[PDB]
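Architecture and fold: a report
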Amino acid sequence: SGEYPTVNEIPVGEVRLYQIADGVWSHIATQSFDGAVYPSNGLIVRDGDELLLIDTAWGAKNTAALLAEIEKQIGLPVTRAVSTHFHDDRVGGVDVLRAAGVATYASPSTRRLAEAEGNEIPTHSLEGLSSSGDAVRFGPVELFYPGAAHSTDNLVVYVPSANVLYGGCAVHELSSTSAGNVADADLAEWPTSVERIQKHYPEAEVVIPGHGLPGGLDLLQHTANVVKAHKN
Ligand SMILES: C[C@H](OC(=O)c1ccc(CN)cc1)c1cccc2c(-c3ccc(CS(C)(=O)=O)c(Cl)c3)c(C(=O)O)[nH]c12
Ligand SMILES: [Zn+2]
Ligand SMILES: [Zn+2]
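Scope of this entry: the structure provided in the associated data block.

Quick notes on the rules
- Residues numbered from 1 in each chain as written, not as in the entry; some residues may be left out.
- Chains lettered and ligands numbered in written order.
- Heavy atoms only, no water.
- Buried < 20%, exposed > 50% of the residue type's maximum accessible area, 1.4 Å probe, protein only.
- Helix = DSSP H or I, 4+ residues; strand = E, 2+ residues; numbered from the N terminus.
- Pairing = 2+ DSSP bridges.
- Donors = N, O, S within 2.8 Å, 3.2 Å for Na, K, Ca; no water.
- Salt bridge = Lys/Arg side-chain N within 4 Å of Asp/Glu carboxyl O.
- Contact = heavy atoms within 4.5 Å.

1. Remarks on the pairing of strand β2 (residues 24–33)
- In terms of residue burial, β2 counts as a mostly covered element, since 8 of its 10 residues are buried.
- As paired strands, strand β1 (residues 15–21) and β2 are joined by 6 bridges and run antiparallel to one another. Along β2, the bridge assignment pairs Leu 17 with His 27.
- In this structure, the hairpin formed by β1 and β2 is closed by a connection of 2 residues, where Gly 23 is found at a positive phi of approximately 70°.
- If you look at the hairpin formed by β2 and strand β3 (residues 36–47), you'll find 2 residues sitting between the two strands, and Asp 34 has a positive phi there, around 50°.

2. Remarks on the coordination of the zinc ion (ligand 2)
- The zinc ion (ligand 2) binds to the protein through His 85 (NE2), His 87 (ND1) and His 150 (NE2); the donor distances cover 2.0 to 2.1 Å.
- Within one chain, the residues serving as donors to the zinc ion (ligand 2) are arranged as H-x1-H-x62-H.
- Between the two metal centres, the zinc ion (ligand 2) and the zinc ion (ligand 3), the spacing is 3.5 Å. Taken together, the residues span a long stretch of sequence, with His 87 in the loop between β5 (78–82) and α2 (88–91) and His 150 in the loop between β9 (141–144) and β10 (156–159) at a distance of 63 residues. Here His 87 and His 150 have matching classes, each one buried.

3. Here's the deal with the coordination of the zinc ion (ligand 3)
- At 2.1 to 2.4 Å from the zinc ion (ligand 3) lie its protein donor atoms, namely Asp 89 (OD), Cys 169 (SG) and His 211 (NE2).
- All donors of the zinc ion (ligand 3) come from a single chain, and their spacing in sequence reads D-x79-C-x41-H.
- Exposure remark for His 211: the relative accessible area of 23% places this residue in the partly exposed category.

4. With respect to the pattern of salt bridges
- Tallied over the full model, the rule gives 6 salt bridges.
- Taking the shortest distance from any N to any O, the salt bridge between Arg 80 and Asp 47 comes out at 2.8 Å. In this pair, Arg 80 is assigned in strand β5 and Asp 47 in strand β3, connecting sequence segments 33 residues apart.
- Residue class for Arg 80 comes out partly exposed when judged on its relative accessible area of 23%.
- Here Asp 55 makes a salt bridge to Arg 90, at a shortest N to O gap of 3.0 Å. Within this pair, whereas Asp 55 is found in the loop between β4 (50–54) and α1 (60–73), its partner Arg 90 is found in helix α2, the two being separated by 35 residues in sequence.
- Accessibility expressed as a relative area gives 1% for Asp 55, which makes it buried.
- What makes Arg 90 buried here is its relative accessible area of 0%.
- Three or more residues are tied together by salt bridges with common partners; here these are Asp 55, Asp 89 and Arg 90.

5. So, the environment of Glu 203
- Along the chain, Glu 203 falls in the loop between α5 (190–200) and β12 (206–209).
- Note on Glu 203: relative accessible area 58%, which makes it exposed.
- When the C-alpha positions of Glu 203 and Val 164 are compared, they lie 9.0 Å apart, and in sequence the two are 39 residues distant.
- What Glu 203 contacts, discounting residues up to four positions off in sequence, is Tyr 158 and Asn 163.

In structure tokens form, the structure reads like this:
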């Protein structure tokens, strides 16, 4: 159909790519957790004759499959990866990346939390992101720390060439009916963090959530709405 691929269409272990814009893809994979199956997204951004990866494919074997799919579909080497928070859907697979020549990065907050939780740990620390509203450049993207939301360390990623906003797990898809896995969330700060994203990226054309279908800037307001209803 060429439509964005949904949880039931992706067996656990296989990875899909979806072209978002020129030089921008999402990657989609599925994983089992606590007896249910979930999709999750990441991003790929062309960086000259190399690629920048945002987030793993949620597990070691999924991430190996991601690398194979990139080779098949794109054929440029992944040289760097950024993980946007410490959960396994973002860092699970960092060891696979590190053994495939990829330099792995995350904020110091993410690295601390990953280490404390027993999740895989990116090698390199991203300074300059410790206060909400902070932004830094990283190859063809901007990394932005909006404040605590889904997690206290969550980062969002903007692709200025294409006006693509990758919200990661701080942003939910339009069909969502709850705020996802909130165990490490700050439901009270989340709307404020989303407002910071809205103010900083008003020209975003595509908004990609951490899980589920991309859309437009409405994903941000919807996220605030579902989080408020969850807190309530
Ligand atoms: C890998 C990730 O682990 C955690 O978070 C986690 C938190 C604490 C512990 C305890 N040490 C362990 C693991 C995770 C595991 C399993 C599921 C998720 C979901 C998710 C996403 C969407 C929906 C549909 S929705 C919006 O309509 O609710 C749902 Cl149900 C869940 C999300 C997310 O929200 O980012 N992260 C998910
Ligand atoms: Zn998470
Ligand atoms: Zn998530």
